[PDB]
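Remarks on the structure that follows.
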Ligand code: NA
Ligand code: NA
């Protein structure tokens, strides 16, 4: 499915900033300067998540 380009999925659990669970869909709204941190929105709120822990859904 073509998804929002800022729709990401968590690759790993990440615990706080936003806590995410592997497989969780997140909406990335923003990056820090180098994009290693994402201001992301999930079903649980917004906060920073590391890019290293997430990946865009689209391919
Ligand atoms: Na991806
Ligand atoms: Na794909």
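Quick reminder, even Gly has a Cβ in these numbers, built from the backbone with ideal geometry, and neighbours come from all protein chains shown. Values in this text are rule-based calculations from the coordinates and carry no lab data.
Might you let me know whether region 3-19 holds any residue that is more than 16 Å from ligand 1 (Cβ to nearest atom), surrounded by 16 or more Cβ atoms within 10 Å (Cβ to Cβ) and part of a loop (DSSP other than H, G, I, E, B)? Yes - at least one qualifying residue is present in region 3-19.
Where residues in region 29-51 are outside any strand (DSSP E or B) and touching a strand residue (DSSP E or B) at 6+ places or on another chain (Cβ under 9 Å), which of them is nearest to ligand 1 (Cβ to nearest atom)? Lay out the reasoning, then the answer.
Applying the first criterion (outside any strand (DSSP E or B)) to region 29-51 yields 32-36, 43-44, 51.
So of that shortlist, the ones also touching a strand residue (DSSP E or B) at 6+ places or on another chain (Cβ under 9 Å) come out as 32, 36, 43-44, 51.
On the way: 32: 19, 36: 16, 43: 19, 44: 21, 51: 11 Å.
By that ranking, first place goes to 51.
Taking the conditions exactly as written (within 16 Å of ligand 2 (Cβ to nearest atom), out of contact with any helix residue (DSSP H, G or I) (no Cβ under 8 Å at 6 or more places or on another chain) and on the phi > 0 side of the Ramachandran plot), does residue 45 satisfy them or not?
So residue 45 fails the test.
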